[PDB]
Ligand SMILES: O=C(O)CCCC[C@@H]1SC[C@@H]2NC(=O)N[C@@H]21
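Below you'll find only one chain, the form solved without biotin (BTN), shown as structure tokens.
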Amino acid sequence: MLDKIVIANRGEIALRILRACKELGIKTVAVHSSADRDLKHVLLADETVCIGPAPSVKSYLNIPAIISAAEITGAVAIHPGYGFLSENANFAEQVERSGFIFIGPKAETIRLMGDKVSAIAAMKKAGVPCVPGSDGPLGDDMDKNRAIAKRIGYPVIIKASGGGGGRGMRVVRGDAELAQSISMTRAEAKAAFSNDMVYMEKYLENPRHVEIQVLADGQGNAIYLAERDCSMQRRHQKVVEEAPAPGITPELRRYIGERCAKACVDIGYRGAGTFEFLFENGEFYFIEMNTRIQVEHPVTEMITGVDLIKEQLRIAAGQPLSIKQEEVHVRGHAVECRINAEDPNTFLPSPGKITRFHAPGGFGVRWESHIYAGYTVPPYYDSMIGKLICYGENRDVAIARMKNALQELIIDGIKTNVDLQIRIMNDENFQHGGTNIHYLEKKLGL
């Protein structure tokens, strides 16, 4: 087991990582900005290092400062959490070059999945179903681009190969708009990644966002831990996630899961990872892979019993997977509601001091948050201040528990999205299940 690690993150995920470290007897180093001195995990950590001022560029994205903190404390590994530098291949490379373990895959693997075109090519080769597409970057030959579009069939979508999460894409519905659409996507990509590479996919009109959790030890062992539906979202931000995905049969799960696991072996994947799919008309289509642990990991933990963070730490210590595929069993159902400090009318972050706090408790209730009474939510970071996760023996039980936990939750002094979460739990279409990626924005437009 790793002697000591730097937790290269903040907020709820840093606390989540700290708890796993403590379970495993791993010493903790909490690196933090000057605005984050009173973070719960910082107060709980074995050692603390202030790595810079409030803005993320000079703290949580400050590669030399994070590496120096590992150096000064004699840490053996760095956990990047999610966001920040977790998908930064240069950071992973610098971490290993400086002589520390990066808790994540090889830098080459991060780089491979970071490039959307190369990622899809690798996944297609491995037998993972992808969206019908260009299978390569689009060039300047518009005859060739029209032929790709015809072969695929309109509508199509132009996507940037550098891009993440849905940044800068456009739907094309005929030849008439194709040339300009390619042109425009190229330009926005140049500003975002200094990379004008674009590709084409068949545009799916009303898909669900379904992602497969994997773990791989780098020793040839790779398992899939069912799936999560993340379709409930607003402006590229997930709002509610759940596991398993409604309507997914054991057979479909096994079909897609085995293909993801085999792909992990093909690419020499190491650690936790997520294969993101679009799901429409009973069919899976790979869009991208996340090579980090994700915000929504807890729903997968509830339905499988596998502690994904502890697995990351075990794998980073060079241990083989703690379980075989045949030992992974989907049981019950879990729903996560993200709790955001945000104004309900503007959807802008709403920072400030929490004056009264009470966490929900009870059977099947899991509360993931650094917040406490008297804690000030700083203006400098993301709006998500906690995650409420409810498990039950079935989806209806999980939802009923979530409704009650949400009503029990008290966060006074700041504005939150609790009332919206309650609305969603009471939504008849959500109660039925299987709503698509466009649903919440359509609902909120009414």
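Here the rigid core means the biggest group of C-alpha atoms that line up within 1.5 Å when the two forms are laid on top of each other. Start at 1 and count along the sequence shown; that's the residue number.
For the cut-off of one third of the other compared entries, residue 81 stays well clear, since all of them model it along with its flanks.
Gaps at residue 165 occur in at least a third of the other compared entries of the protein that contain both adjacent residues. The PDB entry records a higher mean C-alpha B factor for 180-188 than for its counterpart among 180-188 and 302-310. When the two stretches 162-170 and 113-121 are set side by side, the higher mean Cα temperature factor goes to 162-170. Listed residues 220, 344, 99, 271 were ranked by CA B-factor as deposited; 344 comes out on top. When the C-alpha B-factors of 350, 88, 369, 213 are ranked from the entry, the top spot goes to 350. Residue-level temperature factors show residue 265 in the middle third of its chain, judged at the C-alpha atom.
In this PDB entry, the Cα temperature factor of residue 231 sits in the middle third of its chain's modelled residues.
Residue-level temperature factors show residue 318 in the lowest third of its chain, judged at the C-alpha atom. When the CA B factors of the chain's modelled residues are split into thirds, the value for residue 278 lands in the middle one. Compared with the other modelled residues of the chain, the Cα B-factor recorded for residue 247 ranks in the highest third.
One more form of this protein exists, namely the form solved in complex with biotin (BTN); it is left out here, but the text below deals with it.
By the 4.5 Å heavy atom rule, the three marked residues 4, 100 and 319 all fail to count as contacting biotin (BTN) in the deposited complex. The closest non-hydrogen atom of residue 295 lies within 4.5 Å of biotin (BTN) in the deposited complex.
Contact between residue 382 and biotin (BTN) in the deposited complex is found at the 4.5 Å heavy atom cutoff. Interface membership of residue 237, defined by any non-hydrogen atom within 4.5 Å of biotin (BTN) in the deposited complex, is confirmed.
Using a 4.5 Å cutoff between non-hydrogen atoms, residue 338 counts as a contact of biotin (BTN) in the deposited complex. Contact with biotin (BTN) in the deposited complex, judged by any heavy atom within 4.5 Å, is made by just one of 271, 257, 83, 244: 83. Contact with biotin (BTN) in the deposited complex, judged as any non-hydrogen atom within 4.5 angstroms, is confined among 287-295, 214-222, 259-267, 359-367 to 287-295. Rigid-core fit between this form and the one not shown: of 153, 305, 250, 361, the one residue whose Cα shifts 2 angstroms or more is 153. Once the cores line up, the CA of residue 272 ends up less than 2 angstroms apart between this form and the one not shown. For residue 198, the Cα coordinates differ by 2 angstroms or more between this form and the one not shown after the core has been superposed. For residue 124, the Cα coordinates differ by under 2 angstroms between this form and the one not shown after the core has been superposed. Compared with the form shown here, the Cα atoms of residue 166 and residue 254 sit 3 Å or more farther apart in the deposited complex. Legend note: Cα of residue 341 to Cα of residue 166 is at least 3 Å closer in the deposited complex than in the depicted form.
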